[PDB]
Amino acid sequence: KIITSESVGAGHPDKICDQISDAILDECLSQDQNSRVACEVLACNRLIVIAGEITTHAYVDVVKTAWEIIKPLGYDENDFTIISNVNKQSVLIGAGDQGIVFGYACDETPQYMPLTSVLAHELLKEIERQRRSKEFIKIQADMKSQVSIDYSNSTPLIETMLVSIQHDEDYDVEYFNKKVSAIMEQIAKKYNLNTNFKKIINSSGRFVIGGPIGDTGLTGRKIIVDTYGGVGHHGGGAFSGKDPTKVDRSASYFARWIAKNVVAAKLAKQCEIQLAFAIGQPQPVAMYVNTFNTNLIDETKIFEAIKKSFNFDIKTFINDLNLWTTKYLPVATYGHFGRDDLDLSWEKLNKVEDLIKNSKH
């Protein structure tokens, strides 16, 4: 029985687009908390097109902001043509669109996230950390991880850790495989699992040309990496480039907040929440609570505790989670959930006490 998740580095074309999208949004929200932003980006080869709809009183150079994301990776003024088709402008919260979102949590990691996700993310975080500190030399920011885990026994075995990393022409292959194998072992040991998994390293062969160059990247084409790897279900909505009034985003965060606080409150081992919306409705049109028969109390008494412990008014849960004053660039890489490395409002265990009481305790 083998479940597998992937992650990607800051240098991956799709994640460059998510980063530019959330960087433009952050820039807008710094100056104007009421900014409406729906900013999509295409990177095709040496052309980046920044697109979408923005209302704001913010001074924002969308092309400049994009260069501040790309230069660190590090390209220069010579690598890309970067143009805007953005329509910029100035001036209770009903759902601005229809659609479905899911919140998910489980207890297999301290982050309350599927092990496959955590390992795939932590692996690339550590390689990127070493690239920046120069502990790992002759590699670039474009990289991928895929972590397969065997769940056949009570105890989970790592089956396979895969990694593709962009390297320099003049790289030492033995130095590279040594460095990666050690980082794969380091990550296994910290979580603290078997060490004898199969290691698949740069199976491609040479990986020197990366980013958008041979290739294409779009905003919101890493939606499963952004979420639950997909152990969890998904509604199809991308997060990057969207202010909190896009319910696709803020409701995904609300739903995670509930799902996590439920499992943290030891009411279940796994908790999923479907939410659906209709244009104009101030609350979700539909709710579904699934616990995969892992409920430690009556499924019933959870439904009640959830309804009683959480305000479902969209404007209210957006302010509850301080989404107006939240920086979204940090979650543009390495997933939006289970970020013990960050300080996200929707990862806070500030609703467990409330869930305990409201389940009749």
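A residue's number is simply how far along the shown sequence it sits, counting from 1.
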Just how many deposited residues go unmodelled from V91 to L92: none, 1 to 3, 4 to 9, or 10 or more?
10 or more
3-11 set against 352-360, stretch whose average Cα temperature factor tops the other in the entry:
352-360
Which has the higher mean CA temperature factor in the PDB entry, 280-288 or 140-148?
280-288
Identify, among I258, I83, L124, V231, the residue whose C-alpha carries the highest B-factor in the deposited PDB entry.
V231
Of the residues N45, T326, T65, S309, the one whose Cα carries the largest B-factor in the deposited record is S309
Divide the modelled residues of the chain into thirds by Cα B-factor and specify which third, lowest, middle or highest, holds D215.
middle
Comparing against every modelled residue in the chain, figure out the third that the C-alpha B-factor of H336 lands in (lowest, middle or highest).
lowest
Ranked C-alpha temperature factor of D320 among modelled chain residues, by third:
middle
Should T227 be placed in the lowest, middle or highest third of its chain by the C-alpha B factor in the entry?
lowest
Mind checking which third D313 falls in for C-alpha B-factor across the chain?
highest
